[PDB]
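In: return a 3D structure for these sequence lines:
(one chain, ligands or ions: 4)
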Amino acid sequence: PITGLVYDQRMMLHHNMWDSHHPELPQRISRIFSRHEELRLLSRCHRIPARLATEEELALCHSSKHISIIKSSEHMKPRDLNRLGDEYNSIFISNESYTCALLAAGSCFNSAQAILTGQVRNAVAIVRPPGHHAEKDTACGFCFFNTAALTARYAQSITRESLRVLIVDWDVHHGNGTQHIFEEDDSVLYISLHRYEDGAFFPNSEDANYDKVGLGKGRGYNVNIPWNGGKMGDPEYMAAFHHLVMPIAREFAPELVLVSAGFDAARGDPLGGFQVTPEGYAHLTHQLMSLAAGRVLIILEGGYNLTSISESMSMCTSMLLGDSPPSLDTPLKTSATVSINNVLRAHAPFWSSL
Ligand SMILES: O=C(NO)c1cc(F)cc(F)c1
Ligand SMILES: [K+]
Ligand SMILES: [K+]
Ligand SMILES: [Zn+2]
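Out: Numbers count the residues shown, from 1 in each chain. Ligands and ions are numbered 1, 2, ... in the order given. Here you go:
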């Protein structure tokens with residue numbers, strides 16, 4: 001009954017050479033690791049080594065054009081780095097960026113392999129840069145390659161091609177890249193909760209609305225839970241899990257659960273504006289461990305208050321290790337009930353549990 005953990009200090013080398021205070025900080029991952037030490041969680045986990053993703057692995061989800069462009073940045077002078085980064089939506093690049101993106105992905109491949117070979121029951125991946133905004137053909141939103149999407153395809157590649165993978169994306173932003181990569185796929189169920197605000201919140205696309213349910217064979221296998229009207233917290237997230245995430249996931253019966261675990265919906269985040277607590281994230285984790293015989297891999301995405309993300313991710317690891325869920329502390333905001341009922345109207349056609 002083992003929990004795995006992957007962390008590698010080399011992923012701190014990716015950095016913003018114009019703005020040392022850009023919130024996607026190198027210390028995001030060292031702070032989370034340090035808090036695991038302080039809580040004596042690290043010695044309770046089995047350390048999984050990081051590795052580089054290969055180019056063939058990246059091609060499970062990304063075009064050769066995109067792979068080639070990001071790879072070429074490793075050798076670019078600052079002028080071309082600043083210029084290349086400015087061509088994407090919200091990207092900075094250093095000469096170390098490509099390597100760190102490869103390590104983030106390969107770390108998650110090794111973690112998924114450890115779970116699927118029975119070496120650990122579940123795992124946490126403390127990685128950066130994030131992945132869920134990255135598309136097949138372009139970088140976006142601090143993300144170069146789509147780590148979670150690649151990990152789902154990697155998992156299928158070492159088991160069977162149709163392995164049922166659930167990706168629950170609780171980062172406060174919509175994972176536009178993960179949705180698009182699997183939009184026509186019934187083997188990977190994508191469920192995202194995200195601040196939407198009728199399309200005004202990053203990444204600023206109505207692709208994130210509840211009526212986008214999937215295409216072709218994938219009809220019904222894309223579940224967007226969009227929040228509108230300000231602050232959301234534990235009551236809203238627990239309601240969404242009760243009414244939507246868990247009934248759907250149980251019917252899908254995944255063989256592996258990946259969490260796109262951004263912690264920017266957390267109380268204190270400078271960018272999310274929400275107030276999910278560390279106890280709230282622990283309860284979401286504990287609920288997902290009831291799926292896939294416990295085979296859950298928690299993958300860091302966003303989250304920018306260093307104290308908040310360190311406390312929140314550590315509580316998730318405590319749940320994976322089998323600790324009892326903490327106590328929670330309110331009626332739902334009206335608009336949250338509106339959002340949940342809209343998703344039920346969108347997905348009741350596809351799920352007999354709805
Ligand atoms: O990746 C992100 N959050 O987890 C992110 C990406 C952006 F382009 C902007 C932002 F404020 C946040
Ligand atoms: K999300
Ligand atoms: K899908
Ligand atoms: Zn985010």
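
In: my read: residue 16 touches residue 94, true?
Out: Yes. Residue 16 is within contact range of residue 94, at 7.4 Å (criterion: CB atoms under 8 Å). (Each C-beta comes from the backbone N, C-alpha and C, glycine too.)

In: any idea how far residue 149 is from the closest residue to residue 153 other than its chain neighbours?
Out: Ranked by CB to CB, 6 or more residues apart in numbering and with sequence neighbours excluded, the top spatial neighbour of residue 153 is residue 60, at 3.8 Å. Distance from residue 60 to residue 149, counting by CB to CB, to the nearest Å: 8 Å.

In: neighbour-wise, which of the two wins?
Out: Of the pair residue 60 and residue 149, residue 149 is the one with more neighbours under other CB atoms under 10 Å, namely 31 against 18.

In: for residue 126, phi and psi?
Out: phi -100, psi 90 (degrees, to the nearest 10).

In: tally of neighbours for the closest residue to it other than its chain neighbours?
Out: Among residues not flanking residue 126 along the chain, residue 7 sits closest, at 4.2 Å (CB to CB, 6+ apart). For residue 7, the neighbour count with other CB under 10 Å is 21.

In: for the chain, which helix is longest?
Out: helix 97-116 (DSSP state H).

In: just checking, what packs against that helix?
Out: The helices and strands touching helix 97-116, judged by 3 or more CB pairs under 8 Å, 6 or more residues apart in numbering; DSSP states H and E, are strand 3-7, helix 55-58, helix 64-72, strand 122-126, helix 147-158, strand 256-261, strand 296-300.

In: okay, now the closest residue to residue 14 other than its chain neighbours: neighbour count?
Out: Leaving aside its sequence neighbours, residue 14 sits nearest to residue 100 (CB to CB, 6+ apart; 3.9 Å). Counted by other CB under 10 Å, the residues lying close to residue 100 total 23.

In: quick one: residue 100 from residue 328, how far?
Out: Distance from residue 100 to residue 328, by CB to CB: 36 Å.

In: what do you get for residue 24?
Out: For residue 24, the distance to residue 328 - CB to CB - is 30 Å.

In: who has more neighbours out of these two?
Out: residue 24 (20 against 13).

In: list the residues that contact the residue nearest to residue 14.
Out: 10, 11, 12, 13, 14, 128, 129 (CB atoms under 8 Å, 6 or more residues apart in numbering).

In: make it 7 Å
Out: Taking CB atoms under 7 Å, 6 or more residues apart in numbering, we find residue 100 in contact with 10, 11, 13, 14, 128, 129.

In: the second one: neighbour count?
Out: Neighbour count of residue 11, defined by other CB under 10 Å: 25.

In: between the two ends of stretch 215-228, how far is it?
Out: This stretch, stretch 215-228, spans 25 Å end to end (CA to CA, to the nearest Å).

In: next one: that stretch to chain centre, how far?
Out: Remark: stretch 215-228 is offset 16 Å from the chain centroid, using CA atoms, centre = their mean, to the nearest Å.

In: what residues of that stretch count as buried?
Out: Within stretch 215-228, the residues scored as buried using 16 or more other CB atoms under 10 Å are 218, 220, 221, 222, 223, 224, 225, 226, 227, 228.

In: any part of it near ligand 3?
Out: Yes. Stretch 215-228 reaches ligand 3 (CB under 5 Å from the ion) through 218, 221, 222.

In: of those residues, closest to ligand 2?
Out: residue 222 (12.3 Å; CB to the ion).

In: leaving out chain neighbours, which residue sits closest to that closest one?
Out: residue 214 (4.0 Å).

In: which residues touch the nearest residue to residue 47 once chain neighbours are set aside?
Out: Spatially, and ignoring its direct neighbours in sequence, residue 47 is nearest to residue 5 (5.9 Å; CB to CB, 6+ apart). Residues counted as contacts of residue 5 (CB under 7 Å, 6+ apart) are 42, 45, 47, 48, 123, 124.

In: could you rerun that using 8 Å?
Out: Counted by CB under 8 Å, 6+ apart, residue 5 has contacts 36, 42, 45, 46, 47, 48, 123, 124, 125, 126, 317.

In: one more: residue 228?
Out: By CB under 8 Å, 6+ apart, the contact set of residue 228 is 196, 197, 198, 335, 338, 339.

In: and the protein, which residues reach ligand 4?
Out: 171, 173, 262, 264, 302.

In: out of those, which sit inside helices?
Out: Counting by DSSP H, those contribute nothing to helices.

In: and which of those is nearest to ligand 3?
Out: Closest to ligand 3, out of all of the residues of the chain next to ligand 4 and judged by CB to the ion, is residue 171, at 17.1 Å.

In: for the closest residue to that closest one other than its chain neighbours, give me its contacts.
Out: Leaving aside its sequence neighbours, residue 171 sits nearest to residue 262 (CB to CB, 6+ apart; 2.6 Å). Residues in contact with residue 262, defined by CB under 8 Å, 6+ apart, are 130, 132, 169, 170, 171, 172, 173, 300, 301, 302, 303.

In: what residues are up against the most centrally placed residue in the chain?
Out: In the chain, the residue lying closest to the centroid (CA atoms, centre = their mean) is residue 260, at 1.5 Å. With contact taken as CB under 8 Å, 6+ apart, residue 260 is in contact with 131-132, 148, 167-171, 175, 178, 192, 299, 301.
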